[PDB]
Amino acid sequence: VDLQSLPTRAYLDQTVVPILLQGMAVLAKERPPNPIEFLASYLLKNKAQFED
Amino acid sequence: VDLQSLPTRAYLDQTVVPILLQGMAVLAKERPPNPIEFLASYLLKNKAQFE
């Protein structure tokens, strides 16, 4: 806000970096056979915590 | 190759960081209405490139 005006790094910081940090924490704990898929599912499941 | 020998940071670097860098670059160019959904969809659509 305004997200469209932010430099690249800041835009990513204010949209996806926090949920990615948490998703990667959980990925690193669980070490699943399908890490990319696992992470994608994690993002969809947990988006409300990070404002989606 | 042997992912089991890779600690947390190496493991993440080998498995998800490359596609994340690529997907985040696309996300930052598109700046779509739902960034989290966009990125999750990107991962599924493009994970085949990362074997």
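So you know, we letter chains A, B, ... as the sequences are listed, proteins then strands, and number each from 1.
Interface remark: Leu3(B) contributes backbone atoms only to the contact with chain A (heavy atom separation under 4.5 Å). Contact of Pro7(A) with chain B is made through the backbone alone, with heavy-atom distances under 4.5 Å. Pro18(B) does not touch chain A: none of its heavy atoms, backbone or side chain, sits under 4.5 Å away. For chain B, the nearby parts of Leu27(A) are the backbone and the side chain; heavy atoms of each come within less than 4.5 Å. Only the side chain of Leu20(A) comes within contact range of chain B, with heavy atoms under 4.5 Å apart.
Residues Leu43(A) and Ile36(B) share a closest heavy-atom pair of O-CG2, 3.7 Å.
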Check every N and O of chain B against chain A and note each donor-acceptor pair under 3.5 Å, with its distance.
| from | atom 1 | to | atom 2 | distance (Å) |
| --- | --- | --- | --- | --- |
| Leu3(B) | O | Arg31(A) | NH2 | 3.0 |
| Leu6(B) | O | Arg31(A) | NH1 | 2.9 |
| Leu6(B) | O | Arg31(A) | NH2 | 2.8 |
| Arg31(B) | O | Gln4(A) | NE2 | 3.2 |
| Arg31(B) | NH1 | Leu3(A) | O | 2.9 |
| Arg31(B) | NH1 | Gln4(A) | O | 3.4 |
| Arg31(B) | NH1 | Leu6(A) | O | 2.8 |
| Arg31(B) | NH2 | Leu6(A) | O | 2.9 |
| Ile36(B) | N | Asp52(A) | OD2 | 3.2 |
| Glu37(B) | OE2 | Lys47(A) | NZ | 2.8 |

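Linking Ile, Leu, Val, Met, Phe, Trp and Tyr whenever their side-chain heavy atoms come within less than 4.5 Å leaves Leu44(B) and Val16(A) in two separate clusters. Note on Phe38(A) and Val17(B): separate hydrophobic clusters, where clusters join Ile, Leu, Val, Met, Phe, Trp and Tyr whose side-chain heavy atoms are under 4.5 Å apart, directly or indirectly. In the hydrophobic cluster analysis, where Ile, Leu, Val, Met, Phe, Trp and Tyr join through side-chain heavy atoms closer than 4.5 angstrom, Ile19(B) is grouped apart from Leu21(B).
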